[PDB]
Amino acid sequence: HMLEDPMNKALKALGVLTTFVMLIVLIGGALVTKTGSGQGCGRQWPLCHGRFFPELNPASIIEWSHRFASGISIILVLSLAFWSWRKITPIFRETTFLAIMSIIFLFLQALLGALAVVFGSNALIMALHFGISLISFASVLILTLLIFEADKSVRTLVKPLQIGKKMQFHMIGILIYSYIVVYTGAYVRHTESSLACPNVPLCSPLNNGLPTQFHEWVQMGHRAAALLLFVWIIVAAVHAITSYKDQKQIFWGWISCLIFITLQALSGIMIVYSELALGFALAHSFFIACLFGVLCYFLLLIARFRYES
């Protein structure tokens, strides 16, 4: 393919690896405790540090794979940030903002995680971790995307598209609002309001399906926030399907968004129905990661378009 130094495809490999590790650090948090002394241990049995005799269990692998990914992340993120900065910036000026964002948020989630070991009883603060971890992953994802695009003459995704004002409103607005919905979700978890409402869409058989207790309000607030996000994405997708059919990155970008929002909602409903089976929890952290990734891709398009035009 390219006669340039073979070491370049290694920067692409590092990008893929780091993006993957950061995704693991994020979604892996749905399987292990993120607060208290049992932090790092499978959520179903907070005791994995110390007393137990047995080893090589499928739940022990999760715990090892998460702590390993979290440790190796510092090495990977710093290397990716530096290398991409040295090599990719000439073509993409955004490279530096991303390299920096990657480092800052990797450190912020590590900082918040360290504190969660002892202040995990503060749900309002603990609910900030996911969103931070989410941006840490999305920064590395977009950086990796630029790394690939930098080595192509006819770019696939990072193309100078014409983004109208309305579409910009939807993109930026949905991005910001999704982050808010992400907080309410994290708040449900760390406030233990996950199973306060056995039913869906309403709370339970009693009180007409309306919340009457703390945990029911948190649960219901999250669902209500999610519904609005869902509706907004439908409106945003319809505008793309109608006015951006000629700009396929936006057309398909939003259709994928529509699909990720659907899978997010469904896995959310299954968390409840399954009474928090961790497989659905894992899915619920994954699909929002995909959606947010696409929304951050859109933000890059706007950032470049506003620079160009």
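When you see a residue number, it is the position in the sequence shown, counting from 1.
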### Higher-scoring stretch by recorded Cα B factor average, 206-214 or 148-156
206-214
## Note on the structure
Entry B factor averaged over C-alpha atoms, 46-54 against 237-245: higher for 46-54
#### Entry: Peak C-alpha temperature factor (PDB record), options 130, 137, 119, 177
119
### Summary
Per the deposited entry, the peak Cα B-factor within the set 188, 163, 141, 226 goes to 163
### Message
Taking only the Cα B-factors deposited for this chain, tell me whether residue 254 sits in the lowest, middle or highest third.
### Response
lowest
### Assigned third (lowest, middle, highest) for the C-alpha B factor of residue 296
lowest
### Task
Grab the CA temperature factor for residue 264 from the record and place it in the lowest, middle or highest third of its chain.
lowest
### Summary
Binned into thirds over the chain's modelled residues, the C-alpha B-factor of residue 113 lands in the middle
#### Entry: Third assignment of residue 173 from its chain's C-alpha B-factors
lowest
